[PDB]
Amino acid sequence: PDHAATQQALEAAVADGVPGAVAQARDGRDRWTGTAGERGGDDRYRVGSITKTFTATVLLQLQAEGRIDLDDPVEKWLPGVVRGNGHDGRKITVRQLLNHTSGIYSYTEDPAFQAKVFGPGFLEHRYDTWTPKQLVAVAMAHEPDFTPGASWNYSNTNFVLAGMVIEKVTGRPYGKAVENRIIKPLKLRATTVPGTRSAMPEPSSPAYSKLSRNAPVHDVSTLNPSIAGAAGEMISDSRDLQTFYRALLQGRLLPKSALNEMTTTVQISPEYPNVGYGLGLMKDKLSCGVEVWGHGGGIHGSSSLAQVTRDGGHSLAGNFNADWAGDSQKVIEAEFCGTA
Ligand SMILES: NCCCCCCCCN
């Protein structure tokens, strides 16, 4: 089949300090599985921010069903929720949540939240339950980053709000929509929306973090994923992630107009003009000119990647179980461009 450069890139991650690296890929046809260090090829892992693509897909389906217009103000769906210290849901649309042009303060940057969740306080608070409204409240103490539409900044609050919109439209928790609209129809048997459940399914390797930037390493495998919810709670493997992104870019989950909206991107950096962020989905043009679509994931002890070409024909997904080491871009370049 032929994935030697990608195997090499997994080995480089492990040399950089990742205890165990895994990836799978499928170039046209014929799925390849690779591991380096201490890792299993079918390992399940916390996909972090990749969850956002699932959340966006549901909202695009709901729009296609005529149940919501993504250019609706957030206030229409979540009255009074986005109002704090300059935040104004009357002036922010659901679309602007999904492409991070809302300007809404990212709750994961709140200093008290960071002390509880991202530093050594994690050891005390890792199993605490955070409601979506509690996460939004954390953000609403603060001023927005910018006026709606004026810039771009990645904000986890945007996708917690998006989950809340899904719940308002459907009358059920957003996870049920992900399950019924995506996981079940695509037969994603290794993919779950754990809610507040902290355990990891099998097979899995441990997940490791320094909770810091010398510092000790912690086994962070178990945690209450409500810190992320619709912005990052899902668990999957490297096979299911490919199945999902291939189906998505192939148009199997969305009509043409909806996928077109999803792939309408904002330039997120002047220095990287070919990197764009659409609706819970990113594009990048690699060194060899191949354009990939997908999303990265970060959560405790878990750095995830998932990418596909635009027609969904060539896919890759994988994971590092250290959050302080390993270059995920090297794996992407190796797979799509053969870059050593
Ligand atoms: N410092 C605590 C855990 C870090 C949060 C996720 C980081 C993922 C980066 N790959």
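Heads up: numbering here begins at 1 and tracks the sequence. Read the numbers this way: they start at 1 and go in the same order the structure lists the ligands and their atoms. Side-chain atoms are counted along with the backbone in the values below, which use heavy atoms only and exclude waters and symmetry mates.
At a heavy-atom cutoff of 4.0 Å, ligand 1 is contacted by the backbone of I299 but not by its side chain.
Using a 4.0 Å cut-off to heavy atoms of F118, the atoms of ligand 1 that qualify are 1 (N), 2 (C), 5 (C). Per-residue contacts place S303 under 4.0 angstrom from the following atoms of ligand 1 (heavy atoms of the residue considered): 10 (N). The atoms of ligand 1 that sit less than 4.0 Å from any heavy atom of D323 are 3 (C), 4 (C), 8 (C), 9 (C), 10 (N). Shown in contact with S209 at under 4.0 Å from a heavy atom are these atoms of ligand 1, numbered in order with element: 2 (C), 3 (C).
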message: If you apply the rule ring pair (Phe, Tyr, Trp, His ring centres under 6.0 Å), what do you find for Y107 with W130, and how did you get there?
response: CA-CA 12 Å; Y107 66 90; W130 300 80; 8.0 Å; no

message: Determine whether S102 and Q96 satisfy the following criterion, side chain to side chain donor-acceptor pair (under 3.5 Å), listing intermediate values before the conclusion.
response: CA-CA 5 Å; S102 68; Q96 292 172 326; over 6 Å; no

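You'll find the ring centres of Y277 and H100 inside the 6.0 Å limit. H87 has its ring centre no less than 6.0 Å from the ring centre of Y105.
For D240 (side chain) and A190 (main-chain N/O), a donor-acceptor pair under 3.5 Å exists by modelled atom type.
In terms of N/O distances under 3.5 Å, ligand 1 is not approached by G298.
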